[PDB]
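What follows is the content of structure-v3.pdb (PDB, C-alpha atoms and all ligand atoms).
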```pdb
MODEL        1
ATOM      1  CA  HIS A   1     173.768  55.625 -60.020
ATOM      2  CA  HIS A   2     173.482  59.382 -59.715
ATOM      3  CA  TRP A   3     174.962  61.970 -62.017
ATOM      4  CA  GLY A   4     178.614  62.974 -62.003
ATOM      5  CA  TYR A   5     181.523  63.499 -64.360
ATOM      6  CA  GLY A   6     182.592  59.895 -65.274
ATOM      7  CA  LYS A   7     182.275  57.713 -68.384
ATOM      8  CA  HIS A   8     178.963  56.258 -67.285
ATOM      9  CA  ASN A   9     177.345  59.178 -65.465
ATOM     10  CA  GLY A  10     178.972  62.296 -66.993
ATOM     11  CA  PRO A  11     177.579  65.122 -69.093
ATOM     12  CA  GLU A  12     176.612  62.962 -72.072
ATOM     13  CA  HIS A  13     174.290  60.920 -69.802
ATOM     14  CA  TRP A  14     172.594  63.782 -67.928
ATOM     15  CA  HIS A  15     169.750  64.168 -70.424
ATOM     16  CA  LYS A  16     168.215  60.826 -69.314
ATOM     17  CA  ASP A  17     167.445  62.117 -65.798
ATOM     18  CA  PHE A  18     167.231  65.768 -66.842
ATOM     19  CA  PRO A  19     165.835  66.061 -70.378
ATOM     20  CA  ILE A  20     166.262  69.871 -70.326
ATOM     21  CA  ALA A  21     169.946  68.993 -70.943
ATOM     22  CA  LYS A  22     169.023  69.162 -74.643
ATOM     23  CA  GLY A  23     167.083  72.414 -74.221
ATOM     24  CA  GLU A  24     167.145  75.721 -75.977
ATOM     25  CA  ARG A  25     169.193  77.768 -73.449
ATOM     26  CA  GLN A  26     171.827  75.396 -72.025
ATOM     27  CA  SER A  27     175.150  76.421 -70.529
ATOM     28  CA  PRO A  28     178.039  76.682 -70.841
ATOM     29  CA  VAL A  29     178.743  77.871 -74.403
ATOM     30  CA  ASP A  30     181.703  78.848 -76.497
ATOM     31  CA  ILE A  31     182.014  82.624 -76.556
ATOM     32  CA  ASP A  32     182.869  83.565 -80.135
ATOM     33  CA  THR A  33     184.377  86.979 -79.403
ATOM     34  CA  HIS A  34     184.166  88.242 -82.950
ATOM     35  CA  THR A  35     180.422  87.324 -83.185
ATOM     36  CA  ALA A  36     179.494  88.772 -79.751
ATOM     37  CA  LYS A  37     177.851  92.174 -80.328
ATOM     38  CA  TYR A  38     179.025  95.220 -78.388
ATOM     39  CA  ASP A  39     175.940  96.676 -76.729
ATOM     40  CA  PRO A  40     176.414 100.306 -75.730
ATOM     41  CA  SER A  41     173.109 100.171 -73.774
ATOM     42  CA  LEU A  42     174.676  97.661 -71.287
ATOM     43  CA  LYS A  43     175.465  99.225 -67.919
ATOM     44  CA  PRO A  44     178.596  98.750 -65.885
ATOM     45  CA  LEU A  45     178.230  95.767 -63.637
ATOM     46  CA  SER A  46     177.697  96.758 -59.975
ATOM     47  CA  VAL A  47     179.360  94.264 -57.610
ATOM     48  CA  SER A  48     178.760  95.275 -53.996
ATOM     49  CA  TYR A  49     180.491  92.686 -51.787
ATOM     50  CA  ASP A  50     181.612  94.973 -48.870
ATOM     51  CA  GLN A  51     179.210  93.322 -46.395
ATOM     52  CA  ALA A  52     179.351  89.707 -47.659
ATOM     53  CA  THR A  53     179.065  87.171 -44.792
ATOM     54  CA  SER A  54     180.573  83.898 -45.706
ATOM     55  CA  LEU A  55     179.445  81.195 -43.337
ATOM     56  CA  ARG A  56     180.785  77.912 -44.414
ATOM     57  CA  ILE A  57     182.602  75.908 -47.024
ATOM     58  CA  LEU A  58     181.068  72.606 -48.200
ATOM     59  CA  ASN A  59     182.342  69.696 -50.286
ATOM     60  CA  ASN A  60     179.105  68.608 -51.977
ATOM     61  CA  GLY A  61     180.580  65.703 -53.961
ATOM     62  CA  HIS A  62     180.752  67.619 -57.289
ATOM     63  CA  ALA A  63     182.711  70.734 -56.288
ATOM     64  CA  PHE A  64     183.179  72.739 -53.133
ATOM     65  CA  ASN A  65     180.861  75.688 -52.222
ATOM     66  CA  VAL A  66     181.692  78.840 -50.187
ATOM     67  CA  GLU A  67     178.278  79.682 -48.766
ATOM     68  CA  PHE A  68     176.925  82.932 -47.670
ATOM     69  CA  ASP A  69     174.291  84.277 -45.334
ATOM     70  CA  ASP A  70     171.812  85.652 -47.849
ATOM     71  CA  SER A  71     169.147  86.597 -45.236
ATOM     72  CA  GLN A  72     169.833  90.347 -45.648
ATOM     73  CA  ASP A  73     170.588  92.866 -48.260
ATOM     74  CA  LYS A  74     174.363  92.136 -48.380
ATOM     75  CA  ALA A  75     176.607  90.964 -51.253
ATOM     76  CA  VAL A  76     174.570  91.916 -54.287
ATOM     77  CA  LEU A  77     174.957  92.139 -58.030
ATOM     78  CA  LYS A  78     173.062  94.801 -59.970
ATOM     79  CA  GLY A  79     173.378  96.734 -63.214
ATOM     80  CA  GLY A  80     175.051  95.212 -66.179
ATOM     81  CA  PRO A  81     172.302  93.401 -68.106
ATOM     82  CA  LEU A  82     170.183  92.888 -64.964
ATOM     83  CA  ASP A  83     166.873  94.350 -63.948
ATOM     84  CA  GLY A  84     166.696  94.598 -60.182
ATOM     85  CA  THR A  85     168.954  93.182 -57.457
ATOM     86  CA  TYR A  86     170.518  89.766 -57.130
ATOM     87  CA  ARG A  87     171.921  88.438 -53.878
ATOM     88  CA  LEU A  88     175.015  86.260 -53.490
ATOM     89  CA  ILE A  89     174.289  82.770 -52.079
ATOM     90  CA  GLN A  90     177.399  80.733 -52.917
ATOM     91  CA  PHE A  91     180.461  80.402 -55.067
ATOM     92  CA  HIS A  92     182.282  77.396 -56.405
ATOM     93  CA  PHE A  93     184.742  76.424 -59.126
ATOM     94  CA  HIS A  94     185.095  73.988 -61.974
ATOM     95  CA  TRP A  95     188.596  72.777 -62.862
ATOM     96  CA  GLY A  96     190.654  70.277 -64.785
ATOM     97  CA  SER A  97     193.043  67.396 -64.323
ATOM     98  CA  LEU A  98     195.637  69.495 -66.201
ATOM     99  CA  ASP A  99     196.124  73.242 -66.639
ATOM    100  CA  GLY A 100     194.933  73.028 -70.267
ATOM    101  CA  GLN A 101     191.315  72.349 -69.398
ATOM    102  CA  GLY A 102     188.805  72.976 -66.661
ATOM    103  CA  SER A 103     186.682  75.960 -67.622
ATOM    104  CA  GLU A 104     183.053  75.482 -68.676
ATOM    105  CA  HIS A 105     182.782  78.525 -70.888
ATOM    106  CA  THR A 106     185.410  78.787 -73.575
ATOM    107  CA  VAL A 107     186.596  81.906 -75.464
ATOM    108  CA  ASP A 108     187.169  81.312 -79.179
ATOM    109  CA  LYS A 109     187.465  77.604 -78.170
ATOM    110  CA  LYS A 110     190.150  78.377 -75.557
ATOM    111  CA  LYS A 111     189.796  76.468 -72.293
ATOM    112  CA  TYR A 112     191.045  78.022 -69.101
ATOM    113  CA  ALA A 113     192.431  76.042 -66.172
ATOM    114  CA  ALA A 114     189.350  76.704 -64.072
ATOM    115  CA  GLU A 115     186.258  78.859 -63.762
ATOM    116  CA  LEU A 116     184.751  80.532 -60.729
ATOM    117  CA  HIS A 117     180.972  80.889 -60.437
ATOM    118  CA  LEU A 118     179.482  83.487 -58.086
ATOM    119  CA  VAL A 119     175.829  82.555 -57.816
ATOM    120  CA  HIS A 120     173.163  85.183 -57.113
ATOM    121  CA  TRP A 121     169.345  85.053 -56.932
ATOM    122  CA  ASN A 122     166.851  87.681 -57.945
ATOM    123  CA  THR A 123     165.436  89.264 -54.804
ATOM    124  CA  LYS A 124     162.014  89.696 -56.511
ATOM    125  CA  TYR A 125     161.482  85.920 -55.946
ATOM    126  CA  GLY A 126     162.192  85.945 -52.220
ATOM    127  CA  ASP A 127     164.734  83.159 -52.031
ATOM    128  CA  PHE A 128     166.921  80.887 -54.092
ATOM    129  CA  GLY A 129     164.524  77.927 -54.324
ATOM    130  CA  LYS A 130     161.750  80.011 -55.849
ATOM    131  CA  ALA A 131     164.171  81.977 -58.021
ATOM    132  CA  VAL A 132     165.478  78.871 -59.837
ATOM    133  CA  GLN A 133     161.961  78.220 -61.135
ATOM    134  CA  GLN A 134     161.989  81.528 -63.032
ATOM    135  CA  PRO A 135     163.668  82.391 -66.327
ATOM    136  CA  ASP A 136     165.334  85.460 -64.778
ATOM    137  CA  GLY A 137     165.884  83.836 -61.392
ATOM    138  CA  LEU A 138     169.660  83.742 -61.159
ATOM    139  CA  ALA A 139     172.679  85.737 -62.237
ATOM    140  CA  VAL A 140     175.949  83.817 -62.277
ATOM    141  CA  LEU A 141     179.154  85.833 -62.511
ATOM    142  CA  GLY A 142     181.786  83.657 -64.186
ATOM    143  CA  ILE A 143     185.477  84.372 -63.881
ATOM    144  CA  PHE A 144     188.222  82.435 -65.665
ATOM    145  CA  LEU A 145     191.347  81.212 -63.895
ATOM    146  CA  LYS A 146     194.717  80.864 -65.582
ATOM    147  CA  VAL A 147     197.853  79.465 -64.007
ATOM    148  CA  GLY A 148     200.617  82.008 -63.274
ATOM    149  CA  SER A 149     201.075  84.222 -60.253
ATOM    150  CA  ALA A 150     199.215  83.258 -57.105
ATOM    151  CA  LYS A 151     195.953  84.919 -56.151
ATOM    152  CA  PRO A 152     196.494  85.953 -52.533
ATOM    153  CA  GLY A 153     192.765  86.273 -51.870
ATOM    154  CA  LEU A 154     192.233  82.633 -52.851
ATOM    155  CA  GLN A 155     194.666  81.225 -50.322
ATOM    156  CA  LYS A 156     192.167  81.093 -47.382
ATOM    157  CA  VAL A 157     189.976  78.805 -49.544
ATOM    158  CA  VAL A 158     192.881  76.615 -50.608
ATOM    159  CA  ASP A 159     194.040  76.148 -47.041
ATOM    160  CA  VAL A 160     190.693  74.858 -45.748
ATOM    161  CA  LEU A 161     190.329  72.157 -48.498
ATOM    162  CA  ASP A 162     192.263  69.551 -46.490
ATOM    163  CA  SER A 163     189.395  69.616 -43.986
ATOM    164  CA  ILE A 164     186.731  68.874 -46.628
ATOM    165  CA  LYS A 165     188.574  66.335 -48.728
ATOM    166  CA  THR A 166     185.490  64.267 -49.054
ATOM    167  CA  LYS A 167     181.786  64.437 -50.054
ATOM    168  CA  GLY A 168     179.725  65.983 -47.252
ATOM    169  CA  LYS A 169     182.490  67.617 -45.099
ATOM    170  CA  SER A 170     181.901  71.237 -44.222
ATOM    171  CA  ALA A 171     183.966  73.730 -42.255
ATOM    172  CA  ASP A 172     183.197  77.085 -40.714
ATOM    173  CA  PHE A 173     184.458  79.696 -43.142
ATOM    174  CA  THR A 174     183.462  82.929 -41.808
ATOM    175  CA  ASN A 175     184.805  86.220 -42.899
ATOM    176  CA  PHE A 176     185.927  85.255 -46.382
ATOM    177  CA  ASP A 177     185.916  88.293 -48.672
ATOM    178  CA  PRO A 178     185.031  87.406 -52.283
ATOM    179  CA  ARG A 179     186.369  90.779 -53.487
ATOM    180  CA  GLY A 180     189.776  89.115 -53.359
ATOM    181  CA  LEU A 181     188.748  86.837 -56.240
ATOM    182  CA  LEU A 182     187.846  89.599 -58.736
ATOM    183  CA  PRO A 183     190.003  90.768 -61.675
ATOM    184  CA  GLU A 184     190.678  94.482 -62.276
ATOM    185  CA  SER A 185     188.232  94.888 -65.110
ATOM    186  CA  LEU A 186     184.491  94.213 -64.932
ATOM    187  CA  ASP A 187     184.203  94.089 -68.771
ATOM    188  CA  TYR A 188     181.899  91.162 -69.594
ATOM    189  CA  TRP A 189     179.959  89.041 -72.007
ATOM    190  CA  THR A 190     176.344  88.136 -71.216
ATOM    191  CA  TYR A 191     173.762  85.657 -72.539
ATOM    192  CA  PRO A 192     170.717  83.717 -71.271
ATOM    193  CA  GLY A 193     171.448  80.184 -70.134
ATOM    194  CA  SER A 194     171.185  77.515 -67.495
ATOM    195  CA  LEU A 195     172.647  75.843 -64.469
ATOM    196  CA  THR A 196     175.651  73.842 -65.696
ATOM    197  CA  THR A 197     174.902  70.911 -63.362
ATOM    198  CA  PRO A 198     171.695  68.945 -62.854
ATOM    199  CA  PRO A 199     168.923  69.977 -62.643
ATOM    200  CA  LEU A 200     170.165  72.166 -65.532
ATOM    201  CA  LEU A 201     167.353  74.694 -65.035
ATOM    202  CA  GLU A 202     167.079  77.444 -67.608
ATOM    203  CA  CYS A 203     167.069  80.239 -65.040
ATOM    204  CA  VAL A 204     170.410  82.000 -65.417
ATOM    205  CA  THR A 205     171.566  85.331 -66.823
ATOM    206  CA  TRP A 206     175.242  84.550 -67.408
ATOM    207  CA  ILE A 207     177.787  87.343 -66.929
ATOM    208  CA  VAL A 208     181.257  86.138 -67.921
ATOM    209  CA  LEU A 209     184.190  88.480 -67.258
ATOM    210  CA  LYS A 210     186.712  88.977 -70.046
ATOM    211  CA  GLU A 211     189.710  89.315 -67.751
ATOM    212  CA  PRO A 212     190.880  86.115 -66.062
ATOM    213  CA  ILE A 213     192.416  85.971 -62.631
ATOM    214  CA  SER A 214     195.799  84.288 -62.202
ATOM    215  CA  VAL A 215     196.224  81.529 -59.631
ATOM    216  CA  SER A 216     199.398  79.582 -58.928
ATOM    217  CA  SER A 217     200.028  76.032 -60.018
ATOM    218  CA  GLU A 218     200.198  75.141 -56.315
ATOM    219  CA  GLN A 219     196.754  76.639 -55.662
ATOM    220  CA  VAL A 220     195.057  74.673 -58.440
ATOM    221  CA  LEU A 221     197.007  71.526 -57.473
ATOM    222  CA  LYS A 222     195.276  71.721 -54.104
ATOM    223  CA  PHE A 223     191.861  71.790 -55.795
ATOM    224  CA  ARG A 224     192.874  68.530 -57.526
ATOM    225  CA  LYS A 225     193.517  66.769 -54.194
ATOM    226  CA  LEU A 226     189.791  66.848 -53.325
ATOM    227  CA  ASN A 227     187.733  63.685 -53.782
ATOM    228  CA  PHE A 228     184.380  63.072 -55.532
ATOM    229  CA  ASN A 229     183.878  59.974 -53.367
ATOM    230  CA  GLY A 230     182.732  59.833 -49.727
ATOM    231  CA  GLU A 231     185.105  58.943 -46.791
ATOM    232  CA  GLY A 232     185.819  55.220 -46.665
ATOM    233  CA  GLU A 233     184.965  54.872 -50.413
ATOM    234  CA  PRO A 234     187.566  54.290 -53.237
ATOM    235  CA  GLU A 235     189.495  57.428 -54.087
ATOM    236  CA  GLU A 236     188.405  59.268 -57.250
ATOM    237  CA  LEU A 237     190.098  62.658 -57.468
ATOM    238  CA  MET A 238     187.781  65.636 -57.975
ATOM    239  CA  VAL A 239     189.090  66.776 -61.346
ATOM    240  CA  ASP A 240     187.427  67.577 -64.673
ATOM    241  CA  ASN A 241     184.185  68.637 -63.003
ATOM    242  CA  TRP A 242     183.212  70.803 -66.004
ATOM    243  CA  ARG A 243     180.423  70.481 -68.527
ATOM    244  CA  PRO A 244     181.543  71.000 -72.155
ATOM    245  CA  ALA A 245     180.183  73.831 -74.308
ATOM    246  CA  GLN A 246     176.602  73.296 -75.446
ATOM    247  CA  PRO A 247     174.865  74.449 -78.608
ATOM    248  CA  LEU A 248     174.164  78.209 -78.772
ATOM    249  CA  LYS A 249     171.002  77.565 -80.740
ATOM    250  CA  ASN A 250     169.001  80.749 -81.070
ATOM    251  CA  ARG A 251     170.984  83.008 -78.681
ATOM    252  CA  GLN A 252     173.052  86.180 -78.957
ATOM    253  CA  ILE A 253     176.022  86.862 -76.713
ATOM    254  CA  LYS A 254     176.438  90.591 -75.896
ATOM    255  CA  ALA A 255     179.687  92.373 -74.947
ATOM    256  CA  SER A 256     179.846  95.314 -72.561
ATOM    257  CA  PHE A 257     183.077  96.510 -74.251
ATOM    258  CA  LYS A 258     184.450  97.297 -77.732
TER     259      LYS A 258
HETATM  260  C1  LIG B 301     171.630  71.428 -56.369
HETATM  261  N1  LIG B 301     170.967  72.752 -56.455
HETATM  262  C2  LIG B 301     171.598  73.972 -55.823
HETATM  263  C3  LIG B 301     172.522  74.892 -56.671
HETATM  264  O1  LIG B 301     173.024  75.872 -56.133
HETATM  265  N2  LIG B 301     172.651  74.630 -57.966
HETATM  266  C4  LIG B 301     173.506  75.295 -58.806
HETATM  267  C5  LIG B 301     173.987  76.616 -58.703
HETATM  268  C6  LIG B 301     174.851  77.109 -59.702
HETATM  269  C7  LIG B 301     175.215  76.334 -60.792
HETATM  270  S1  LIG B 301     176.320  76.893 -62.019
HETATM  271  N3  LIG B 301     177.419  75.810 -62.190
HETATM  272  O2  LIG B 301     175.564  77.009 -63.259
HETATM  273  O3  LIG B 301     176.873  78.156 -61.481
HETATM  274  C8  LIG B 301     174.707  75.026 -60.871
HETATM  275  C9  LIG B 301     173.857  74.533 -59.888
HETATM  276  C10 LIG B 301     169.708  72.764 -56.942
HETATM  277  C11 LIG B 301     169.275  73.914 -57.615
HETATM  278  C12 LIG B 301     168.001  74.035 -58.119
HETATM  279  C13 LIG B 301     167.087  72.997 -57.966
HETATM  280  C14 LIG B 301     167.487  71.830 -57.316
HETATM  281  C15 LIG B 301     168.777  71.708 -56.802
HETATM  282 ZN    ZN B 302     179.297  76.322 -61.703
ENDMDL
END
```
Take the structure in this file and express it as structure tokens.
Amino acid sequence: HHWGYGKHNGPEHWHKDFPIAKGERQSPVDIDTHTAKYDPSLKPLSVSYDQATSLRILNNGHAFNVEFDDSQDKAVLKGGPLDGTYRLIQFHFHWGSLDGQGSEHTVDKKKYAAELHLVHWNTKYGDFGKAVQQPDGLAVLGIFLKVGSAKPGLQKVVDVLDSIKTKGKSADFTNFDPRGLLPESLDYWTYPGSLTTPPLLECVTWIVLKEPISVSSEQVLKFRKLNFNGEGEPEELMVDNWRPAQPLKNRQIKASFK
């Protein structure tokens, strides 16, 4: 009876196995745009993905991950609110059963159809596993998805999903360029938070872009054909794999823009 997104193992149950679920810096949150403070000391975000080396795509039973070779100084996030250099290890999405829900962060209570998370670890800690044990271990770049025009740079991901329908399937996915998933603007909100899935570790500097990307209805429909269950188990569609907004408690959200 492990954690998931259902009635009996979903977000409201996670605190039993992972008591940090009720902690002081949990994610996601609602971003109250009028209460976020513009911080003119915040630097432009530096996203340097020119040499990113995607290796593989994995259905892990909760989402799918596009994984990267993080053994060298390639695909890194710097600047913005960050001190030092953070290296890209994986990305994944959270999405809904319907276009009206699916994002984890919300903006003035608005839910987007999905949310992309580009996960990076602080190079001062040597690798991902050590970084997650530190309060400044990770930087997650979050990007909202709305349904409209297709995102051409997403299509390579969409097309491989048929080969990883089920928990534990992976496929070679070399040469995927995550620059094709980025909106025009790198204007952002930032706050200190957590992983949004168990173990819910409070190790993340969140950087949430203001500008959503548009994906087509057909693209997101293909996300919804994935399965939470393993092969030869009863079919439970992989939909609504998002954690709701958590209490802000004693945190300030900062805006890079006026
Ligand atoms: C399962 N896992 C690997 C992992 O990448 N976790 C993870 C990475 C990112 C996120 S999210 N949704 O906040 O961007 C959530 C979880 C893990 C991490 C730390 C300790 C133990 C397991
Ligand atoms: Zn995520």
Determine the axis-aligned bounding box of all atoms of ligand LIG 301 (chain B) present in the file, pad each side by 5 Å, and express its centre and edge lengths in Å to one decimal place as lines of an AutoDock Vina configuration file.
```
center_x = 172.3
center_y = 74.8
center_z = -59.5
size_x = 20.3
size_y = 16.7
size_z = 17.4
```
Set out as CSV a contact list for chain A and ligand LIG 301 (chain B) with a cut-off of 9 Å, giving each residue of chain A that qualifies its closest atom pair and distance in Å to one decimal, counting all atoms listed in the file, ordered by chain and rising residue number.
```
residue,atom,partner,partner_atom,distance
A:27,CA,B:LIG301,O2,7.3
A:28,CA,B:LIG301,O2,8.0
A:65,CA,B:LIG301,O1,8.8
A:89,CA,B:LIG301,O1,8.1
A:90,CA,B:LIG301,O1,7.3
A:91,CA,B:LIG301,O3,7.7
A:92,CA,B:LIG301,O3,7.5
A:93,CA,B:LIG301,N3,8.0
A:94,CA,B:LIG301,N3,7.9
A:104,CA,B:LIG301,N3,8.6
A:116,CA,B:LIG301,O3,8.3
A:117,CA,B:LIG301,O3,5.0
A:118,CA,B:LIG301,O3,6.8
A:119,CA,B:LIG301,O3,5.8
A:120,CA,B:LIG301,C6,8.6
A:128,CA,B:LIG301,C12,8.0
A:129,CA,B:LIG301,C12,6.5
A:130,CA,B:LIG301,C12,8.9
A:131,CA,B:LIG301,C12,8.8
A:132,CA,B:LIG301,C12,5.7
A:133,CA,B:LIG301,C12,7.9
A:138,CA,B:LIG301,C6,8.5
A:139,CA,B:LIG301,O3,8.7
A:140,CA,B:LIG301,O3,5.8
A:141,CA,B:LIG301,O3,8.1
A:142,CA,B:LIG301,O3,7.9
A:193,CA,B:LIG301,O2,8.6
A:194,CA,B:LIG301,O2,6.1
A:195,CA,B:LIG301,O2,3.4
A:196,CA,B:LIG301,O2,4.0
A:197,CA,B:LIG301,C8,4.8
A:198,CA,B:LIG301,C9,6.7
A:199,CA,B:LIG301,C14,5.8
A:200,CA,B:LIG301,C8,7.1
A:201,CA,B:LIG301,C12,7.0
A:204,CA,B:LIG301,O2,7.5
A:206,CA,B:LIG301,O2,8.6
A:242,CA,B:LIG301,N3,8.6
A:243,CA,B:LIG301,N3,8.8
```
Please expand the PyMOL selection byres (((chain A and resi 159-171) around 12) and not hetatm) into the concrete residues it hits in this file, giving the result as a ChimeraX atom specification. /A:54-67,152-158,172-174,176,218-238
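Distance check against residue 88 in chain A using all atoms listed in the file: of A:42, A:145, A:215, A:75, the minimum falls on A:75.
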Around (179.9, 97.6, -64.6), as given in the file, which residues come within 6 Å? Count only C-alpha atoms and list them as a ChimeraX atom specification. /A:43-46,80,186
